[PDB]
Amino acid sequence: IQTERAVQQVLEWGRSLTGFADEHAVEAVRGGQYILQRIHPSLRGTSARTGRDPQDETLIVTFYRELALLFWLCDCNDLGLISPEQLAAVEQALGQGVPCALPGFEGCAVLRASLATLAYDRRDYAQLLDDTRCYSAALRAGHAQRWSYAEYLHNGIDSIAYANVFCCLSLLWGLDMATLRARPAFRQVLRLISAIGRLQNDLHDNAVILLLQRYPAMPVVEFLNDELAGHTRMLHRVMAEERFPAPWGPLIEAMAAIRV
């Protein structure tokens, strides 16, 4: 599959989601192509064991649809694209992997049914449902926020959705994240790359704003930038000290620079 075929396949499915915008499909495919391209070499290697082809169109489009779903949900929250009633119904459906009870959101059932069918290790599917609920809640709790930088960063780590991205990749290509999750070190890296992602976004409510409202005289911009530097170094140190199975090393690095 090239690019517009993927974009159109994501867009076609998006028509079954009220509030879906073209950009949700376009940016999901662009970000998704970026990640898959950076981990391709590592993937084809594991392809021997799993039997999951890096170029499998079905797997690629499903991965892109999950990314589009994440972008769409974020806008639904930040921009009120759909009603609060609709959002609650959609989040309930996506979090349990069942059809939405309200009309105009058939895409939820389609995507989740697909993920269940394609899950290499079904434990990743349950984990994805879990990450979806966490994500939904972090978007809501953050929108409704008095917040300390610590609490902000803790919630932001879940609202950035990197955990969901990793879990979807594991689900489709059999990357055994369900097993790697048991290692405290892996969990640590997950938190760091996510915080990196959250800071990069807030810098590019939001961190900068939150700290400015509270500390008018604080160089919040440089501070937050040092924080980003700080987290990146800690990520590297742990990446070395620990040795994660392909394609996790290139994947984590890919996520760190997705600011391209």
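We number the residues from 1 along the sequence you see.
In this entry, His204 and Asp205 are separated by 10 or more residues of the deposited sequence that lack coordinates. Going from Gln145 to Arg146, you skip over 4 to 9 residues of the deposited sequence that the entry leaves unmodelled. Look at the mean CA B-factor for 44-52 and for 59-67 in the entry; the higher one is 44-52.
Comparing 188-196 with 205-213, the higher mean C-alpha B-factor in the PDB entry belongs to 205-213. Highest CA B-factor among the listed residues (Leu180, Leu81, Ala161, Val110): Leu180.
Note on the listed residues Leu17, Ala21, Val238, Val10: the highest Cα temperature factor in the record is that of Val238.
Placement of the Cα temperature factor of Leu224 within the chain: highest third of the modelled residues, per the deposited record.
Per the PDB record, residue ranking by Cα B-factor puts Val26 in the lowest third of the chain.
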